[PDB]
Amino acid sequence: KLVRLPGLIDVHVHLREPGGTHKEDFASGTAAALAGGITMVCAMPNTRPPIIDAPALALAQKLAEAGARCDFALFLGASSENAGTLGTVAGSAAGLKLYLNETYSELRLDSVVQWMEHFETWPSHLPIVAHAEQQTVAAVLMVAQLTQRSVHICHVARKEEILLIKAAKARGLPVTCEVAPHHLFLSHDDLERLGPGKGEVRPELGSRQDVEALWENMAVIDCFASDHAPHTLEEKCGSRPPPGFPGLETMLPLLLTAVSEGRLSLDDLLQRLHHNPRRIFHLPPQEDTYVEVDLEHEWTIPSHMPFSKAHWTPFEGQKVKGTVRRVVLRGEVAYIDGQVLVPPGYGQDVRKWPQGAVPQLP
């Protein structure tokens, strides 16, 4: 007896095209998405070249339209030079991404004044998401208040961060956040096994107390999102390991396991992988789209999942209960039992659909 879920949405993925296609491309990363029960992804802009201007966005849009197997939206990235220049194309993007700490990106902003300039110039009705760790969460919240608008905090990983956001929500401030599976299911206790190269990720893995604080404060978490950040094993195990974990194929099985154990409800899961992504990013419905899962199947995560070109996973060896059996995307069978059955290019840019534009005053 399968359970039918709506088309799930991952608002934080790195698909590496253009410029890092040995790590992943649109075709491989969206195959991984479908195998993970995800039918729509929002792709981050820290590619090579980065998606920080109109020509780069135009290129990325065409590469995605030609390679994507599921539907998508593309983020623009904030840079030290592009505030005030993105107005014509802003509404075609998922939103604007700010990189406010050291991570796998060349887009760090060097002054809070540059953050203010982005918050002041980016259209006020369109999403802004921030990579903002520890005190940076409080700093970007201040900038959002000074500019009188909302912000969404990416990959919250620490007790400190979730409690700050909790306090902000208690004061009625317009802040939402997302949490990635590695910060719910891995901790410092796993760094022995992972090693210092594989274990590199931003935000770094938290303590057991961080993990327990995120679960305890599930009500404060608006979305789950994988931060699928594929890098090859050679890169993760080499001298200058880039941070990040692949995660599209493992996210839903990990969370279904938690549902089966009573750690959160099916509704809690669907708010965080469907309804809240839709409403925060104004992402449109997908007609005739659903995911069928088998909640009874017990399996052990292997050393690599079938589709991501990362060809490794930090969840290797974890026992899960729950698997994706079938995905239907816009009336076509997209995935069955380990086989992706829609070709590269089946996926569409949801921001071009009439229902996918963000509403705005004239």
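For every residue, the number given is its place in the sequence shown, counted from 1.
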Assert higher mean C-alpha B factor (235 to 243 or 267 to 275, deposited values) equals 235 to 243
Per the PDB entry, mean CA B-factor is higher for 82 to 90 or 143 to 151, namely for 82 to 90
Among 42, 59, 33, 324, highest Cα B-factor in the entry goes to 324
The residue of 286, 135, 176, 105 with the maximal C-alpha B-factor according to the PDB record is 105
So, residue 198's CA B-factor, relative to its chain, sits in which third? The highest
Temperature factor at the Cα of residue 257, chain-ranked in thirds, falls in the middle
Chain thirds by Cα B factor, record data; residue 342 belongs to the highest
Residue 361: C-alpha B-factor third of its chain, per the entry, is the highest
Sorting the chain's modelled residues by C-alpha B-factor and splitting them into thirds places residue 351 in the middle
